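Read the structure below first, then the notes.
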Amino acid sequence: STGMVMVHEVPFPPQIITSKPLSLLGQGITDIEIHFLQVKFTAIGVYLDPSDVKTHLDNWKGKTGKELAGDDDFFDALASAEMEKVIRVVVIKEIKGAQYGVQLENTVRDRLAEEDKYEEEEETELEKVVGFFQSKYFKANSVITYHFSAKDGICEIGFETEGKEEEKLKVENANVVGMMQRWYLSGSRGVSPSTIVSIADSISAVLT
Ligand SMILES: [Ca+2]
Ligand SMILES: [Ca+2]
Numbered sequence: 002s003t004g005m006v007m008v009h010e011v012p013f014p015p016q017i018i019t020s021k022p023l024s025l026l027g028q029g030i031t032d033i034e035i036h037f038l039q040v041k042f043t044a045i046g047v048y049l050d051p052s053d054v055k056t057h058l059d060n061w062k063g064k065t066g067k068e069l070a071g072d073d074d075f076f077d078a079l080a081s082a083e084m085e086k087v088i089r090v091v092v093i094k095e096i097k098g099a100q101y102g103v104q105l106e107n108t109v110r111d112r113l114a115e116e117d118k119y120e121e122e123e124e125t126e127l128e129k130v131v132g133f134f135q136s137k138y139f140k141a142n143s144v145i146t147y148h149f150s151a152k153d154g155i156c157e158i159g160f161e162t163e164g165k166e167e168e169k170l171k172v173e174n175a176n177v178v179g180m181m182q183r184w185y186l187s188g189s190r191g192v193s194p195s196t197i198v199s200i201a202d203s204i205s206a207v208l209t
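Quick note on numbering: the sequence shown equals residues 2 to 209 in the deposited numbering.
Rendered as structure tokens:
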């Protein structure tokens, strides 16, 4: 309708409208070096409302993108902030959904255990997220979306692929929802350093 933003040759809508318009403030990819070369697995887009950024992260105004990208307290504040966020992930390298699911599980479980926040309630919820992804095949251009509610720690996961009606999963465990968000939104521990740098630069501009 209004064009698409190309993130590593993958189209992303400039905005996504939930309760209000959210702008693509962060973009990047997840990759791994194999045989001396960069292998791109997914393209990522993080959507936030600039007004929410101004309302909840005003304490970081004046900071440069470089300063924000190197500060985990900033990203913890972004994750803790009661404003919605949408994380859109498009598959570049086709893989079994289980590969993505177990990577998520590994990091989320490890971090929750580190904070002594991994009991049977969290384990059960996390297993449902893993089960959601393992029943799917990630063809290139398949889209995974994470919609984080502003409050009450809720996340709705969506999976869309050509030919099938979109599939969704509602996650309600606050600890799991919070750590899933931090899997992407983490200064030094984010799965996509490129997206982190991008978000930092955008928010710096928003607050400046
Ligand atoms: Ca218990
Ligand atoms: Ca119990």
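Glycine included, each C-beta is placed from N, C-alpha and C at the ideal position.
In whole angstroms, what separates the C-alpha of residue i from that of residue j?
i: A141; j: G191; result: 23 Å
i: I200; j: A99; result: 28 Å
i: residue 1; j: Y138; result: Because the chain spans 2 through 209 in this model, residue 1 falls outside it and cannot be assessed.
i: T162; j: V144; result: 6 Å
i: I204; j: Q16; result: 16 Å
i: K94; j: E168; result: 20 Å
i: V198; j: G66; result: 7 Å
i: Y119; j: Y48; result: 28 Å
i: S136; j: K97; result: 9 Å
i: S81; j: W61; result: 14 Å
i: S187; j: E83; result: 16 Å
i: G154; j: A206; result: 28 Å
i: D73; j: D59; result: 16 Å
i: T146; j: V131; result: 15 Å
i: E116; j: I158; result: 24 Å
i: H57; j: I18; result: 19 Å
i: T108; j: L127; result: 11 Å
i: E124; j: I45; result: 26 Å
i: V6; j: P12; result: 6 Å
Give me the Cβ distance between residue i and residue j, rounded to the nearest whole Å; I'm assuming they're in contact under 8 Å.
i: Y101; j: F134; result: 6 Å
i: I30; j: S193; result: 7 Å
i: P51; j: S24; result: 6 Å
Fully enclosed by the stretch 145 to 194, which beta strand (DSSP E) runs are 3 residues long or longer? Within the stretch 145 to 194, the complete beta strand (DSSP E) runs of at least 3 residues are 156 to 161, 168 to 172.
Neighbourhood of ligand 1 [Cβ distance below 7 Å to any heavy atom], ordered by chain position: Matched residues: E120, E121, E122.
Give the list of continuous alpha helix (DSSP H) stretches no shorter than 4 residues that lie fully inside the stretch 81 to 125. DSSP runs (the alpha helix (DSSP H)) wholly in the stretch 81 to 125: 98 to 115.
Any 3 or more C-beta pairs closer than 8 Å across the stretch 180 to 195 and the stretch 103 to 123: A contact exists between the stretch 180 to 195 and the stretch 103 to 123.
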